[PDB]
file start.pdb (PDB, C-alpha atoms (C1' of nucleotides))
ATOM      1  CA  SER A   2       0.000   0.000   0.000  1.00  0.00           C
ATOM      2  CA  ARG A   3       1.441   3.332  -1.109  1.00  0.00           C
ATOM      3  CA  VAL A   4      -0.555   5.145   1.574  1.00  0.00           C
ATOM      4  CA  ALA A   5       0.613   2.798   4.330  1.00  0.00           C
ATOM      5  CA  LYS A   6       4.205   3.124   3.120  1.00  0.00           C
ATOM      6  CA  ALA A   7       4.089   6.929   3.026  1.00  0.00           C
ATOM      7  CA  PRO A   8       5.046   8.480   6.397  1.00  0.00           C
ATOM      8  CA  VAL A   9       3.472  11.408   8.282  1.00  0.00           C
ATOM      9  CA  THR A  10       5.187  14.433   9.848  1.00  0.00           C
ATOM     10  CA  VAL A  11       4.661  15.711  13.403  1.00  0.00           C
ATOM     11  CA  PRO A  12       5.041  19.471  12.873  1.00  0.00           C
ATOM     12  CA  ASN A  13       6.264  20.991  16.153  1.00  0.00           C
ATOM     13  CA  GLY A  14       3.885  20.966  19.092  1.00  0.00           C
ATOM     14  CA  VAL A  15       1.731  17.830  18.895  1.00  0.00           C
ATOM     15  CA  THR A  16       2.652  14.807  21.014  1.00  0.00           C
ATOM     16  CA  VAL A  17       1.403  11.329  20.102  1.00  0.00           C
ATOM     17  CA  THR A  18       1.341   8.764  22.896  1.00  0.00           C
ATOM     18  CA  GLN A  19       0.311   5.128  23.096  1.00  0.00           C
ATOM     19  CA  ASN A  20      -0.770   2.612  25.722  1.00  0.00           C
ATOM     20  CA  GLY A  21      -2.122  -0.720  24.563  1.00  0.00           C
ATOM     21  CA  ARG A  22      -3.993   0.078  21.355  1.00  0.00           C
ATOM     22  CA  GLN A  23      -5.312   3.549  22.266  1.00  0.00           C
ATOM     23  CA  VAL A  24      -3.276   6.130  20.399  1.00  0.00           C
ATOM     24  CA  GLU A  25      -3.712   9.671  21.714  1.00  0.00           C
ATOM     25  CA  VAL A  26      -2.893  12.960  19.994  1.00  0.00           C
ATOM     26  CA  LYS A  27      -2.281  16.161  21.973  1.00  0.00           C
ATOM     27  CA  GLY A  28      -1.836  19.730  20.776  1.00  0.00           C
ATOM     28  CA  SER A  29      -3.307  23.204  20.967  1.00  0.00           C
ATOM     29  CA  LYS A  30      -6.778  22.274  19.698  1.00  0.00           C
ATOM     30  CA  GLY A  31      -7.416  19.345  22.021  1.00  0.00           C
ATOM     31  CA  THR A  32      -7.173  15.629  22.623  1.00  0.00           C
ATOM     32  CA  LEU A  33      -7.990  13.126  19.902  1.00  0.00           C
ATOM     33  CA  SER A  34      -7.977   9.364  20.476  1.00  0.00           C
ATOM     34  CA  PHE A  35      -7.886   6.561  17.893  1.00  0.00           C
ATOM     35  CA  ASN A  36      -8.061   2.822  18.535  1.00  0.00           C
ATOM     36  CA  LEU A  37      -5.808   0.594  16.444  1.00  0.00           C
ATOM     37  CA  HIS A  38      -6.429  -2.685  14.632  1.00  0.00           C
ATOM     38  CA  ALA A  39      -4.793  -5.924  15.754  1.00  0.00           C
ATOM     39  CA  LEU A  40      -2.886  -6.360  12.480  1.00  0.00           C
ATOM     40  CA  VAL A  41      -1.356  -2.851  12.539  1.00  0.00           C
ATOM     41  CA  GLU A  42       1.791  -1.733  14.364  1.00  0.00           C
ATOM     42  CA  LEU A  43       3.134   1.794  14.796  1.00  0.00           C
ATOM     43  CA  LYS A  44       6.767   2.942  14.951  1.00  0.00           C
ATOM     44  CA  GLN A  45       7.585   6.449  16.187  1.00  0.00           C
ATOM     45  CA  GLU A  46      11.117   7.408  15.133  1.00  0.00           C
ATOM     46  CA  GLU A  47      12.184  11.081  15.075  1.00  0.00           C
ATOM     47  CA  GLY A  48       9.376  13.461  14.110  1.00  0.00           C
ATOM     48  CA  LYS A  49       8.113  11.050  11.468  1.00  0.00           C
ATOM     49  CA  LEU A  50       5.651   8.203  12.005  1.00  0.00           C
ATOM     50  CA  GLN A  51       5.436   4.788  10.348  1.00  0.00           C
ATOM     51  CA  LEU A  52       2.521   2.367  10.249  1.00  0.00           C
ATOM     52  CA  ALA A  53       3.431  -1.157   9.202  1.00  0.00           C
ATOM     53  CA  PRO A  54       1.601  -4.484   8.935  1.00  0.00           C
ATOM     54  CA  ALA A  55       2.315  -7.185  11.489  1.00  0.00           C
ATOM     55  CA  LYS A  56       2.009  -9.828   8.742  1.00  0.00           C
ATOM     56  CA  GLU A  57       1.997  -9.974   4.957  1.00  0.00           C
ATOM     57  CA  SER A  58      -1.791 -10.167   4.543  1.00  0.00           C
ATOM     58  CA  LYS A  59      -3.514  -7.838   2.096  1.00  0.00           C
ATOM     59  CA  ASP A  60      -6.043  -7.273   4.878  1.00  0.00           C
ATOM     60  CA  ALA A  61      -3.194  -6.116   7.118  1.00  0.00           C
ATOM     61  CA  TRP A  62      -2.042  -3.739   4.379  1.00  0.00           C
ATOM     62  CA  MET A  63      -5.598  -2.382   4.112  1.00  0.00           C
ATOM     63  CA  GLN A  64      -5.789  -1.780   7.859  1.00  0.00           C
ATOM     64  CA  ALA A  65      -2.373  -0.104   7.792  1.00  0.00           C
ATOM     65  CA  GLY A  66      -3.497   2.238   5.027  1.00  0.00           C
ATOM     66  CA  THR A  67      -6.692   3.294   6.776  1.00  0.00           C
ATOM     67  CA  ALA A  68      -4.918   3.684  10.131  1.00  0.00           C
ATOM     68  CA  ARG A  69      -2.277   5.921   8.564  1.00  0.00           C
ATOM     69  CA  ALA A  70      -4.922   8.018   6.810  1.00  0.00           C
ATOM     70  CA  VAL A  71      -6.892   8.550  10.021  1.00  0.00           C
ATOM     71  CA  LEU A  72      -3.781   9.338  12.073  1.00  0.00           C
ATOM     72  CA  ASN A  73      -2.589  11.857   9.475  1.00  0.00           C
ATOM     73  CA  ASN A  74      -6.028  13.478   9.587  1.00  0.00           C
ATOM     74  CA  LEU A  75      -5.839  13.685  13.385  1.00  0.00           C
ATOM     75  CA  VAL A  76      -2.332  15.172  13.314  1.00  0.00           C
ATOM     76  CA  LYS A  77      -3.390  17.780  10.757  1.00  0.00           C
ATOM     77  CA  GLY A  78      -6.534  18.652  12.707  1.00  0.00           C
ATOM     78  CA  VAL A  79      -5.022  18.993  16.178  1.00  0.00           C
ATOM     79  CA  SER A  80      -2.465  21.483  14.831  1.00  0.00           C
ATOM     80  CA  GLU A  81      -4.358  23.403  12.146  1.00  0.00           C
ATOM     81  CA  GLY A  82      -7.963  22.185  12.173  1.00  0.00           C
ATOM     82  CA  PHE A  83     -10.716  22.062   9.572  1.00  0.00           C
ATOM     83  CA  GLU A  84     -13.629  24.268   8.524  1.00  0.00           C
ATOM     84  CA  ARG A  85     -16.501  23.463   6.174  1.00  0.00           C
ATOM     85  CA  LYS A  86     -18.651  26.497   5.181  1.00  0.00           C
ATOM     86  CA  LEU A  87     -22.333  26.257   4.196  1.00  0.00           C
ATOM     87  CA  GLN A  88     -24.416  28.441   1.886  1.00  0.00           C
ATOM     88  CA  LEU A  89     -28.173  29.065   1.918  1.00  0.00           C
ATOM     89  CA  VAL A  90     -30.131  29.812  -1.262  1.00  0.00           C
ATOM     90  CA  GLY A  91     -33.728  30.975  -1.508  1.00  0.00           C
ATOM     91  CA  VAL A  92     -35.771  33.963  -0.372  1.00  0.00           C
ATOM     92  CA  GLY A  93     -36.582  34.201   3.317  1.00  0.00           C
ATOM     93  CA  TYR A  94     -34.047  31.538   4.307  1.00  0.00           C
ATOM     94  CA  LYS A  95     -31.959  32.733   7.232  1.00  0.00           C
ATOM     95  CA  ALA A  96     -29.600  31.473   9.925  1.00  0.00           C
ATOM     96  CA  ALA A  97     -28.293  32.735  13.257  1.00  0.00           C
ATOM     97  CA  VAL A  98     -26.214  31.376  16.136  1.00  0.00           C
ATOM     98  CA  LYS A  99     -27.060  31.833  19.826  1.00  0.00           C
ATOM     99  CA  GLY A 100     -24.065  30.258  21.539  1.00  0.00           C
ATOM    100  CA  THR A 101     -24.201  26.488  21.081  1.00  0.00           C
ATOM    101  CA  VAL A 102     -27.512  26.578  19.160  1.00  0.00           C
ATOM    102  CA  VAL A 103     -28.220  27.398  15.510  1.00  0.00           C
ATOM    103  CA  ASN A 104     -31.594  28.941  14.658  1.00  0.00           C
ATOM    104  CA  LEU A 105     -32.716  28.389  11.077  1.00  0.00           C
ATOM    105  CA  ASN A 106     -35.662  29.519   8.967  1.00  0.00           C
ATOM    106  CA  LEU A 107     -36.076  27.360   5.843  1.00  0.00           C
ATOM    107  CA  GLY A 108     -39.642  28.131   4.772  1.00  0.00           C
ATOM    108  CA  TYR A 109     -41.492  25.819   7.154  1.00  0.00           C
ATOM    109  CA  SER A 110     -44.264  26.628   9.620  1.00  0.00           C
ATOM    110  CA  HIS A 111     -41.782  26.585  12.520  1.00  0.00           C
ATOM    111  CA  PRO A 112     -38.127  27.588  12.974  1.00  0.00           C
ATOM    112  CA  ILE A 113     -35.521  24.853  13.518  1.00  0.00           C
ATOM    113  CA  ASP A 114     -33.165  24.824  16.516  1.00  0.00           C
ATOM    114  CA  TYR A 115     -30.056  22.651  16.133  1.00  0.00           C
ATOM    115  CA  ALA A 116     -27.775  21.957  19.081  1.00  0.00           C
ATOM    116  CA  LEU A 117     -24.137  21.856  18.149  1.00  0.00           C
ATOM    117  CA  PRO A 118     -22.049  18.952  19.465  1.00  0.00           C
ATOM    118  CA  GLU A 119     -19.047  19.569  21.674  1.00  0.00           C
ATOM    119  CA  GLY A 120     -15.949  20.336  19.625  1.00  0.00           C
ATOM    120  CA  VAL A 121     -17.652  22.176  16.744  1.00  0.00           C
ATOM    121  CA  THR A 122     -18.149  25.941  16.616  1.00  0.00           C
ATOM    122  CA  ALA A 123     -20.183  28.049  14.201  1.00  0.00           C
ATOM    123  CA  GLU A 124     -20.094  31.642  12.977  1.00  0.00           C
ATOM    124  CA  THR A 125     -22.486  33.682  10.820  1.00  0.00           C
ATOM    125  CA  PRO A 126     -20.884  36.667   9.081  1.00  0.00           C
ATOM    126  CA  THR A 127     -24.127  36.882   7.082  1.00  0.00           C
ATOM    127  CA  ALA A 128     -27.565  35.277   7.336  1.00  0.00           C
ATOM    128  CA  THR A 129     -26.835  33.334   4.143  1.00  0.00           C
ATOM    129  CA  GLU A 130     -23.469  31.832   5.129  1.00  0.00           C
ATOM    130  CA  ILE A 131     -22.472  29.561   8.004  1.00  0.00           C
ATOM    131  CA  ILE A 132     -18.911  28.689   9.017  1.00  0.00           C
ATOM    132  CA  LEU A 133     -18.281  25.497  10.976  1.00  0.00           C
ATOM    133  CA  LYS A 134     -14.858  24.886  12.496  1.00  0.00           C
ATOM    134  CA  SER A 135     -13.587  21.906  14.468  1.00  0.00           C
ATOM    135  CA  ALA A 136     -10.556  19.710  15.031  1.00  0.00           C
ATOM    136  CA  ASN A 137     -12.496  16.472  14.374  1.00  0.00           C
ATOM    137  CA  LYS A 138     -12.999  16.099  10.622  1.00  0.00           C
ATOM    138  CA  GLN A 139     -15.549  13.290  10.984  1.00  0.00           C
ATOM    139  CA  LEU A 140     -17.619  15.268  13.495  1.00  0.00           C
ATOM    140  CA  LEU A 141     -17.504  18.364  11.290  1.00  0.00           C
ATOM    141  CA  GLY A 142     -18.685  16.341   8.305  1.00  0.00           C
ATOM    142  CA  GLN A 143     -21.512  14.771  10.304  1.00  0.00           C
ATOM    143  CA  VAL A 144     -22.771  18.144  11.546  1.00  0.00           C
ATOM    144  CA  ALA A 145     -22.612  19.656   8.056  1.00  0.00           C
ATOM    145  CA  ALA A 146     -24.478  16.633   6.682  1.00  0.00           C
ATOM    146  CA  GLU A 147     -27.278  17.046   9.226  1.00  0.00           C
ATOM    147  CA  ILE A 148     -27.603  20.770   8.505  1.00  0.00           C
ATOM    148  CA  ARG A 149     -27.820  20.026   4.779  1.00  0.00           C
ATOM    149  CA  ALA A 150     -30.342  17.227   5.340  1.00  0.00           C
ATOM    150  CA  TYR A 151     -32.610  19.718   7.096  1.00  0.00           C
ATOM    151  CA  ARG A 152     -33.310  21.082   3.600  1.00  0.00           C
ATOM    152  CA  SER A 153     -31.315  19.511   0.771  1.00  0.00           C
ATOM    153  CA  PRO A 154     -31.228  21.527  -2.479  1.00  0.00           C
ATOM    154  CA  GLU A 155     -33.757  21.013  -5.267  1.00  0.00           C
ATOM    155  CA  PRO A 156     -32.795  20.980  -8.966  1.00  0.00           C
ATOM    156  CA  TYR A 157     -35.324  23.367 -10.562  1.00  0.00           C
ATOM    157  CA  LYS A 158     -34.133  26.578  -8.863  1.00  0.00           C
ATOM    158  CA  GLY A 159     -31.347  25.365  -6.569  1.00  0.00           C
ATOM    159  CA  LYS A 160     -33.087  26.454  -3.369  1.00  0.00           C
ATOM    160  CA  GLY A 161     -31.921  24.953  -0.078  1.00  0.00           C
ATOM    161  CA  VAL A 162     -28.743  24.413   1.906  1.00  0.00           C
ATOM    162  CA  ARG A 163     -25.646  23.595  -0.132  1.00  0.00           C
ATOM    163  CA  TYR A 164     -21.976  22.913   0.399  1.00  0.00           C
ATOM    164  CA  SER A 165     -19.638  25.628  -0.841  1.00  0.00           C
ATOM    165  CA  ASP A 166     -17.865  23.445  -3.413  1.00  0.00           C
ATOM    166  CA  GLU A 167     -20.929  21.383  -4.369  1.00  0.00           C
ATOM    167  CA  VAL A 168     -22.038  20.936  -7.972  1.00  0.00           C
ATOM    168  CA  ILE A 169     -25.840  20.810  -8.125  1.00  0.00           C
ATOM    169  CA  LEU A 170     -27.631  19.204 -11.070  1.00  0.00           C
ATOM    170  CA  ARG A 171     -30.014  21.699 -12.673  1.00  0.00           C
ATOM    171  CA  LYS A 172     -32.917  20.865 -14.981  1.00  0.00           C
ATOM    172  CA  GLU A 173     -35.798  22.783 -16.549  1.00  0.00           C
ATOM    173  CA  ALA A 174     -39.464  21.838 -16.375  1.00  0.00           C
ATOM    174  CA  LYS A 175     -41.041  20.622 -19.623  1.00  0.00           C
TER     175      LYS A 175
ATOM    176  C1'   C B   1     -73.253   2.273  32.866  1.00  0.00           C
ATOM    177  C1'   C B   2     -79.002   3.558  33.696  1.00  0.00           C
ATOM    178  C1'   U B   3     -78.398  10.384  35.973  1.00  0.00           C
ATOM    179  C1'   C B   4     -81.116  11.900  31.157  1.00  0.00           C
ATOM    180  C1'   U B   5     -84.608  10.044  26.365  1.00  0.00           C
ATOM    181  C1'   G B   6     -87.327   5.768  25.440  1.00  0.00           C
ATOM    182  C1'   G B   7     -88.956  -0.055  25.391  1.00  0.00           C
ATOM    183  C1'   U B   8     -90.619  -3.926  28.519  1.00  0.00           C
ATOM    184  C1'   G B   9     -92.572  -4.147  33.073  1.00  0.00           C
ATOM    185  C1'   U B  10     -98.863 -11.344  33.235  1.00  0.00           C
ATOM    186  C1'   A B  11     -97.549 -10.087  41.983  1.00  0.00           C
ATOM    187  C1'   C B  12     -98.873  -1.728  40.900  1.00  0.00           C
ATOM    188  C1'   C B  13    -103.416   1.717  39.812  1.00  0.00           C
ATOM    189  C1'   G B  14    -107.714   2.726  36.882  1.00  0.00           C
ATOM    190  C1'   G B  15    -111.903   2.426  32.689  1.00  0.00           C
ATOM    191  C1'   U B  16    -115.048  -1.128  30.356  1.00  0.00           C
ATOM    192  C1'   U B  17    -118.169  -5.879  27.550  1.00  0.00           C
ATOM    193  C1'   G B  18    -120.456 -10.827  28.406  1.00  0.00           C
ATOM    194  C1'   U B  19    -121.584 -14.395  31.978  1.00  0.00           C
ATOM    195  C1'   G B  20    -121.749 -16.924  37.004  1.00  0.00           C
ATOM    196  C1'   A B  21    -121.578 -16.437  42.068  1.00  0.00           C
ATOM    197  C1'   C B  22    -121.190 -14.043  47.152  1.00  0.00           C
ATOM    198  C1'   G B  23    -129.488 -14.332  50.171  1.00  0.00           C
ATOM    199  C1'   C B  24    -130.906  -9.183  47.635  1.00  0.00           C
ATOM    200  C1'   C B  25    -129.431  -3.355  46.837  1.00  0.00           C
ATOM    201  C1'   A B  26    -124.806  -1.450  47.050  1.00  0.00           C
ATOM    202  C1'   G B  27    -119.976  -3.349  46.891  1.00  0.00           C
ATOM    203  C1'   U B  28    -116.675  -7.337  45.044  1.00  0.00           C
ATOM    204  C1'   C B  29    -114.533 -11.841  43.034  1.00  0.00           C
ATOM    205  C1'   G B  30    -113.926 -16.209  39.094  1.00  0.00           C
ATOM    206  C1'   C B  31    -113.538 -17.060  33.633  1.00  0.00           C
ATOM    207  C1'   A B  32    -113.210 -15.132  28.599  1.00  0.00           C
ATOM    208  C1'   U B  33    -105.009 -14.464  25.181  1.00  0.00           C
ATOM    209  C1'   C B  34    -102.998 -10.479  31.408  1.00  0.00           C
ATOM    210  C1'   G B  35    -110.862 -10.833  28.424  1.00  0.00           C
ATOM    211  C1'   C B  36    -110.066  -6.010  26.111  1.00  0.00           C
ATOM    212  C1'   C B  37    -108.264  -0.874  26.749  1.00  0.00           C
ATOM    213  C1'   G B  38    -105.114   3.521  29.258  1.00  0.00           C
ATOM    214  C1'   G B  39    -100.921   4.399  32.299  1.00  0.00           C
ATOM    215  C1'   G B  40     -96.713   2.758  35.155  1.00  0.00           C
ATOM    216  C1'   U B  41     -92.229   1.582  40.340  1.00  0.00           C
ATOM    217  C1'   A B  42     -87.610  -1.333  40.564  1.00  0.00           C
ATOM    218  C1'   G B  43     -84.722  -4.621  37.462  1.00  0.00           C
ATOM    219  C1'   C B  44     -83.039  -5.638  32.521  1.00  0.00           C
ATOM    220  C1'   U B  45     -82.072  -2.956  28.150  1.00  0.00           C
ATOM    221  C1'   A B  46     -80.495   0.641  23.077  1.00  0.00           C
ATOM    222  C1'   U B  47     -82.199   3.417  19.662  1.00  0.00           C
ATOM    223  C1'   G B  48     -79.840   6.611  25.444  1.00  0.00           C
ATOM    224  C1'   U B  49     -75.063   8.374  28.428  1.00  0.00           C
ATOM    225  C1'   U B  50     -69.843   8.353  29.111  1.00  0.00           C
ATOM    226  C1'   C B  51     -65.086   6.653  27.823  1.00  0.00           C
ATOM    227  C1'   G B  52     -60.988   4.248  24.309  1.00  0.00           C
ATOM    228  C1'   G B  53     -57.332   3.389  20.021  1.00  0.00           C
ATOM    229  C1'   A B  54     -52.824   9.464  23.390  1.00  0.00           C
ATOM    230  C1'   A B  55     -47.908  10.400  24.101  1.00  0.00           C
ATOM    231  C1'   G B  56     -43.122   8.333  24.590  1.00  0.00           C
ATOM    232  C1'   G B  57     -38.611   5.126  24.407  1.00  0.00           C
ATOM    233  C1'   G B  58     -35.079   0.858  21.966  1.00  0.00           C
ATOM    234  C1'   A B  59     -33.412  -2.179  17.682  1.00  0.00           C
ATOM    235  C1'   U B  60     -34.329  -2.220  12.443  1.00  0.00           C
ATOM    236  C1'   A B  61     -36.526  -2.695   6.482  1.00  0.00           C
ATOM    237  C1'   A B  62     -35.929  -0.169   1.739  1.00  0.00           C
ATOM    238  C1'   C B  63     -33.322   4.342   1.422  1.00  0.00           C
ATOM    239  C1'   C B  64     -29.875   8.556   2.717  1.00  0.00           C
ATOM    240  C1'   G B  65     -25.181   9.310   5.050  1.00  0.00           C
ATOM    241  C1'   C B  66     -19.825  10.766   7.932  1.00  0.00           C
ATOM    242  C1'   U B  67     -14.709   9.520   7.881  1.00  0.00           C
ATOM    243  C1'   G B  68     -11.976   5.789   5.054  1.00  0.00           C
ATOM    244  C1'   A B  69      -8.357   2.358   2.538  1.00  0.00           C
ATOM    245  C1'   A B  70      -7.898  -2.202  -0.528  1.00  0.00           C
ATOM    246  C1'   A B  71      -7.147   0.452  -5.775  1.00  0.00           C
ATOM    247  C1'   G B  72      -1.808   7.626  -4.362  1.00  0.00           C
ATOM    248  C1'   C B  73      -8.056   9.009  -7.419  1.00  0.00           C
ATOM    249  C1'   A B  74     -13.011   7.635  -6.344  1.00  0.00           C
ATOM    250  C1'   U B  75     -16.066   4.959  -2.941  1.00  0.00           C
ATOM    251  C1'   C B  76     -22.040   4.428   2.977  1.00  0.00           C
ATOM    252  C1'   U B  77     -17.661  -0.689   4.488  1.00  0.00           C
ATOM    253  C1'   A B  78     -13.467  -3.882   4.576  1.00  0.00           C
ATOM    254  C1'   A B  79     -11.654  -1.140  10.738  1.00  0.00           C
ATOM    255  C1'   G B  80     -14.874   2.689  12.972  1.00  0.00           C
ATOM    256  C1'   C B  81     -19.415   6.197  13.635  1.00  0.00           C
TER     257        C B  81
END
call {"tool": "encode", "arguments": {"input": "start.pdb", "output": "structure tokens"}}
result
Amino acid sequence: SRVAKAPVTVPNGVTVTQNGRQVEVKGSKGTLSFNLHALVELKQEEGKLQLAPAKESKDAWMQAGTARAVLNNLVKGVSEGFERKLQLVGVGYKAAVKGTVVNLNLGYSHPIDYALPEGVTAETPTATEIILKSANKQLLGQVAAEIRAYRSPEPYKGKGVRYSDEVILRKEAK
RNA sequence: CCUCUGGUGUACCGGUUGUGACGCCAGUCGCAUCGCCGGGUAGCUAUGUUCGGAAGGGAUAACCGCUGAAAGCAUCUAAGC
């Protein structure tokens, strides 16, 4: 596996520790923990990191590749972090943030109140845009997915919640 | 379930035909589908009255995902959620 063979770099300030199988990643953003498969072994030499199979099985190579990908994502997130960005399209559609809660109007008979999970923060420079930032890429993706599922876009006029870099199929009636 | 609206209510009250009897008048009783007719207490009852199928958890079906390699890309799946 090219991924599993490629190593990852610990930039300056993040410490990665291990006990049993539970790898832990520490930095400015916060703690991030990742369990490890039985067929995968981890070698920490200098600032670089190396995942390697414990046997020659293709399954072991697969587990090594996914473990390296997830650990690289964690190392990148704990130092820099990720943000997603969300756009709203349609008249009367609006968003606001009151601390940990997002208040949304999407053309229903009642406004929607979404609680944000711990670790994800949101900002609203404008009623049309939302910015979501977190250190956990999976959590950020899940929260963005739920917000989009509240009103997914439609193809005739493109109204609804959309990702920033999302291509939306457009058609024309009759 | 029987407070209300009704039905039934042959041991409750009354009107009335024929006949026989209680010595006779008066007053009563037997029999005639409870003789026939008009009402009707409890109980039972519907066509009457009240109530019920409310709300909430947990695991899922089709389906929709997050992150993610095998397969440097992509991918809901193989680890995980």
call {"tool": "atom_distance", "arguments": {"input": "start.pdb", "atom1": "CA of residue 84 in chain A", "atom2": "CA of residue 118 in chain A"}}
result
14.8 Å
call {"tool": "closest_residue", "arguments": {"input": "start.pdb", "among": "B:50, B:80, B:67, B:34", "to": "residue 11 in chain B", "atoms": "all atoms listed in the file"}}
result
B:34
call {"tool": "atom_distance", "arguments": {"input": "start.pdb", "atom1": "CA of residue 164 in chain A", "atom2": "CA of residue 80 in chain A"}}
result
24.3 Å
call {"tool": "resolve_selection", "arguments": {"input": "start.pdb", "expression": "the PyMOL selection byres ((chain B) within 12 of (chain A))", "output": "PyMOL selection string"}}
result
chain B and resi 64-72+77-81
call {"tool": "axis_aligned_box", "arguments": {"input": "start.pdb", "around": "range 70-73 of chain B", "padding_each_side": "6 Å", "output": "lines of an AutoDock Vina configuration file"}}
result
center_x = -4.9
center_y = 3.4
center_z = -4.0
size_x = 18.2
size_y = 23.2
size_z = 18.9
call {"tool": "resolve_selection", "arguments": {"input": "start.pdb", "expression": "the PyMOL selection byres ((chain A and resi 169-175) around 7)", "output": "VMD selection string"}}
result
chain A and resid 156 to 157 167 to 168
call {"tool": "resolve_selection", "arguments": {"input": "start.pdb", "expression": "the PyMOL selection byres ((chain B and resi 41) around 9)", "output": "PyMOL selection string"}}
result
chain B and resi 12+40+42
call {"tool": "atom_distance", "arguments": {"input": "start.pdb", "atom1": "CA of residue 79 in chain A", "atom2": "CA of residue 33 in chain A"}}
result
7.6 Å
call {"tool": "closest_residue", "arguments": {"input": "start.pdb", "among": "B:57, B:23, B:48, B:18", "to": "residue 35 in chain B", "atoms": "all atoms listed in the file"}}
result
B:18
call {"tool": "residues_around", "arguments": {"input": "start.pdb", "residues": "residue 46 in chain B", "least_positions_apart": "4", "cutoff": "12 Å", "atoms": "all atoms listed in the file", "output": "PyMOL selection string"}}
result
chain B and resi 2+5-7
call {"tool": "residues_around", "arguments": {"input": "start.pdb", "residues": "residue 29 in chain A", "least_positions_apart": "4", "cutoff": "12 Å", "atoms": "only C-alpha atoms (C1' of nucleotides)", "output": "mmCIF file with C-alpha atoms, keeping the file's coordinate frame"}}
result
data_model
loop_
_atom_site.group_PDB
_atom_site.id
_atom_site.type_symbol
_atom_site.label_atom_id
_atom_site.label_comp_id
_atom_site.auth_asym_id
_atom_site.auth_seq_id
_atom_site.Cartn_x
_atom_site.Cartn_y
_atom_site.Cartn_z
ATOM 1 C CA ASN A 13 6.264 20.991 16.153
ATOM 2 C CA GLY A 14 3.885 20.966 19.092
ATOM 3 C CA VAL A 15 1.731 17.830 18.895
ATOM 4 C CA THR A 16 2.652 14.807 21.014
ATOM 5 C CA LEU A 33 -7.990 13.126 19.902
ATOM 6 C CA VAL A 76 -2.332 15.172 13.314
ATOM 7 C CA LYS A 77 -3.390 17.780 10.757
ATOM 8 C CA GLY A 78 -6.534 18.652 12.707
ATOM 9 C CA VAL A 79 -5.022 18.993 16.178
ATOM 10 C CA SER A 80 -2.465 21.483 14.831
ATOM 11 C CA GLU A 81 -4.358 23.403 12.146
ATOM 12 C CA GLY A 82 -7.963 22.185 12.173
ATOM 13 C CA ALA A 136 -10.556 19.710 15.031
#
